[PDB]
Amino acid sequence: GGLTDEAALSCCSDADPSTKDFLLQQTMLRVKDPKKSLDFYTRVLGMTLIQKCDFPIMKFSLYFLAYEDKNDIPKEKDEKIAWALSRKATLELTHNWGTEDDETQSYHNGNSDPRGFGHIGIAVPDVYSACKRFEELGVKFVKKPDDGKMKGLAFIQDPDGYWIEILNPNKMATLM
């Protein structure tokens, strides 16, 4: 019912040289409360806050989180922004000021109508021991690693209810 390999590959062009050193730099999610999100992404998931930008006239902040050594963060503001925004695989969290106070407000995780965005995913060396730690930290699960057909694979949720896949690259081969 899907594409054959031939049909999919036929729609794939070789990369034009004008796209050399293009990189997938960021995924942007809106967060209700940056205090809860920064705590979750740093303390639970082990990411580093590499850059914060505030736009007072437009009333929002941007928070860039990445799996980066905090010692590699430049100290010069100009160099720091250029370094942060040239890292692969960053998470950009957008804070619209006031949402944290608004009892009525929440963001949509794209896993109920209307769907689109599904999840971010973290590759971990040990899914079961990562999930044991998540459980002990009181993390909310969508899919415990032992539930359903796909054993050794988990989904958790962040403070806004965004889904985070927890996967082990070797266990994914075997699940085929």
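Heads up: residue numbers just count along the shown sequence, starting at 1.
Requested in this report: State which stretch shows the higher mean Cα B factor in the entry: 90-98 or 68-76.
Outcome: Between 90-98 and 68-76, it is 68-76.
Query raised in the report: Averaging C-alpha B-factors over each stretch, which comes out higher, 141-149 or 33-41?
Result: Taking the mean B-factor of the alpha carbons in each, 141-149 is higher.
Report task. Pick out which of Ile120, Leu62, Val124, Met58 has the highest C-alpha B-factor in the PDB entry. Result -> Spelled out: the listed residue with the top C-alpha B-factor is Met58.
**Report entry** Position of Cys53 among the chain's modelled residues by C-alpha B-factor, lowest, middle or highest third
**Finding:** Tercile = highest for this residue's CA B-factor.
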